[PDB]
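Peer 1: Below is one structure. I have some questions about it.
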2 protein chains.
Amino acid sequence: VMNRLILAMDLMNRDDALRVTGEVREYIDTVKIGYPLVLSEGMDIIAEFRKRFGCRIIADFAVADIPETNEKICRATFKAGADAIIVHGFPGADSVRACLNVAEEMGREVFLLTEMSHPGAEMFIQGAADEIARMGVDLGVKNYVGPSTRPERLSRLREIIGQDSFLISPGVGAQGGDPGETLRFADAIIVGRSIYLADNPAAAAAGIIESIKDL
Amino acid sequence: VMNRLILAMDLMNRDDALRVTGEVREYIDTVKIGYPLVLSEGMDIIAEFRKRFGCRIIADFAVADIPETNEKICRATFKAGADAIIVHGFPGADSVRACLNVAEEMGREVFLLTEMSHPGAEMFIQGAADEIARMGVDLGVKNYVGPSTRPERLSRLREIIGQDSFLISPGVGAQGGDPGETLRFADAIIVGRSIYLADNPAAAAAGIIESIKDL
Ligand SMILES: O=c1cc(O)n([C@@H]2O[C@H](COP(=O)(O)O)[C@@H](O)[C@H]2O)c(=O)[nH]1
Ligand SMILES: O=c1cc(O)n([C@@H]2O[C@H](COP(=O)(O)O)[C@@H](O)[C@H]2O)c(=O)[nH]1
């Protein structure tokens, strides 16, 4: 990923989202689009972004349903032009497999969300996260998400998935995570508010990249 | 809920979804709309259904993100006209609270998904589900979802949430659950494929209701 930095584009207005993404496009090659934008502007926003910016799009849909519904969600998401989809592992192996099957058929990728970055992840997800990661490995998952806010957990995640697997990490900036420390373990960092709420998003992105280059 | 039966409308085509919902409208007063339909036809489908059928709409979006993103998802969903939203408890109390805060502000309801109905729920969710339910009670949640496929787990869920709380239950029909047994513990059952894939959905719905009335 260009500069190891993925923009989390969670503005809810098409005009604001396009403005900020355009301002920072020189510093990224990958945009994570989630439900805040999609549910406000429609699934057509994915193909609009892919065309206008020539970026890769990861659909962060935190997919967390039964296998049959997961199948339908992934089909709709890839039809809309997404390059990859984020899928929760907590619901279990059959729900993850359903997503992997659709990605295989459609020539796309699944990212497995292991531990989440916010405080409430400590209640239930953290105690299952090592096993969720090991399930991922067993299923042949090659792309994972884990938390910038807990680099010791990110290290343990990396330990389970190996060096060949690709690991991206949210929680940098607003949630308290640090770019450089997170990039000790993750291949790329996800950054939302620290860039898209900044008075100057391009300057915020540039500032992050300057600290990344220094690594 | 009319006849204690909620239609899970997971067809992906607006014309098919409207046809089937119209055919069974005399037997329900509540439709669960999820991502298969929304991501295929847009969020405007919610207000279309609410107008055309005068039904209540539960948005089954299995909300499973960090508090700030959950807030945005709930805001977009209620703006679209949903009466209630389904929210995972597995991510923890702060993520659930975020949804409860938006529901309070917008005069809507949150349903907390405890244990899921599919086989993979046994891996991670089932071992946390009692505690997820108890978290719900502590947060003041009054509406819950639990699995038709495991009535002993549905009983234990009901035990935790009490008789005043409202409990709806998917997994009836296609996934192997039974209407009558599930209604021993749940207030209403959710049914998707057994109705919407039937050669005659109205006859399928009527058949279910006839077995419900007999209880
Ligand atoms: O564990 C996770 C999983 C996520 O998807 N995310 C998502 O990553 C982004 C984080 O953005 P921000 O930099 O504004 O905190 C948001 O889109 C959030 O929904 C996260 O923060 N933590
Ligand atoms: O534990 C759960 C949670 C769900 O939301 N669901 C949803 O309830 C519906 C079940 O439909 P069906 O009757 O076709 O199996 C689907 O929309 C599914 O996504 C479920 O089956 N089990």
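Peer 1: Given (1) touching a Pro at 6+ places or on another chain (Cβ under 9 Å); (2) more than 19 Å from A:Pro36 (Cβ to Cβ), where does A:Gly140 come up short, assuming only one miss?
Peer 2: Unmet condition: (1).
Peer 1: Identify the residue in the range B:168-196 that is in contact with a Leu (Cβ under 7 Å, 6 or more places away or on another chain) and farther than 17 Å from B:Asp214 by Cα and, among all such residues, is nearest to ligand 1 (Cβ to nearest atom). Steps first, please.
Peer 2: First, the residues of the range B:168-196 that are in contact with a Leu (Cβ under 7 Å, 6 or more places away or on another chain): B:169, B:180, B:182-183, B:185-189, B:191, B:195-196.
After this cut, where a residue has to be farther than 17 Å from B:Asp214 by Cα as well, the list is B:169, B:191, B:195-196.
On the way: B:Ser169: 28, B:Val191: 31, B:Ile195: 34, B:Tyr196: 31 Å.
Step by step, filter the range B:168-196, then rank; the result is B:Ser169.
Peer 1: Something else about it: Can you tell me which condition B:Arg75 does not meet? The list is (1) surrounded by fewer than 24 Cβ atoms within 10 Å (Cβ to Cβ); (2) more than 19 Å from A:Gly120 (Cα to Cα); (3) within 7 Å of another protein chain (Cβ to nearest Cβ), and all the others hold.
Peer 2: (3)
Matching residues to (1) charged (D, E, K, R); (2) within 17 Å of B:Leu113 (Cβ to Cβ); (3) within 16 Å of ligand 1 (Cβ to nearest atom):
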residue	(1), (2), (3)
B:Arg25	yes, no, no
B:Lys32	yes, yes, no
B:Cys55	no, no, no
B:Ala62	no, yes, yes
B:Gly81	no, no, no
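Peer 1: Can you name the residue in the range A:61-72 that is touching a residue at least 24 places away in the same chain (Cβ under 8 Å) and at the interface with chain B (Cβ under 7 Å from one of its Cβ atoms) and, of all such residues, is surrounded by the fewest Cβ atoms within 10 Å (Cβ to Cβ)?
Peer 2: This residue is A:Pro67.
Peer 1: What is the residue count in the range A:1-60 for residues that are small (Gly, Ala, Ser), under 17 Å from the mean Cα position of the chain (by Cα) and more than 19 Å from A:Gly173 (Cβ to Cβ)?
Peer 2: Selection size over the range A:1-60: 1.
Peer 1: Now for a different question. Return the residues of the range A:17-60 that are without any contact (Cβ under 8 Å) to a residue 24 or more places away in the chain and closer than 16 Å to B:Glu41 by Cα; say none if nothing qualifies.
Peer 2: A:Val38, A:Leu39, A:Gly42
Peer 1: Across the range B:9-36, which residue is surrounded by the most Cβ atoms within 10 Å (Cβ to Cβ) among those that are touching a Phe, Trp or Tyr at 6+ places or on another chain (Cβ under 9 Å) and within 9 Å of chain A (Cβ to nearest Cβ)?
Peer 2: It comes out as B:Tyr35.
Peer 1: Shifting gears a bit: State which residue pairs qualify: first residue without any contact (Cβ under 8 Å) to a residue 60 or more places away in the chain and inside the range A:168-180, second residue among the basic types (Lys, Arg) and not in a strand (DSSP E or B) in any location, beta carbons under 7 Å apart, and separation of 6 or more residues or different chains.
Peer 2: Correct list of pairs: A:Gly173/A:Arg193; A:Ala174/A:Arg193.
Peer 1: Which residues, counting only those in the range A:98-136, are crowded, with 18+ Cβ neighbours inside 10 Å, away from ligand 1 (no atom under 16 Å from the Cβ) and within 11 Å of chain B (Cβ to nearest Cβ)?
Peer 2: Selection gives A:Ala98, A:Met135.
Peer 1: Cβ-Cβ under 7 Å, sequence separation 6+ or interchain: first residue in the range A:128-151 and over 19 Å from B:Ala128 (Cα atoms), partner among the aromatic types (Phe, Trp, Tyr) and within 16 Å of ligand 1 (Cβ to nearest atom). Which pairs?
Peer 2: Qualifying pairs under 7 Å: A:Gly136/A:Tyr144; A:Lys142/A:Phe166; A:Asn143/A:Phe111; A:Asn143/A:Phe166; A:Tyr144/A:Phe111; A:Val145/A:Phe111; A:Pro151/A:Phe185.
Peer 1: List pairs: first residue in the range B:106-124 and among the aromatic types (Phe, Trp, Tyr), second residue more than 16 Å from ligand 1 (Cβ to nearest atom) anywhere in the structure, Cβ distance under 6 angstrom, at least six positions apart or on different chains.
Peer 2: B:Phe111/B:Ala84; B:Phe111/B:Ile86; B:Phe111/B:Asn143; B:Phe111/B:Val145
A short reminder: the numbers here are calculations on the coordinates, not readings from a lab. So basically every Cβ, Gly included, is an ideal-geometry build from the backbone, and we count neighbours across all protein chains shown.
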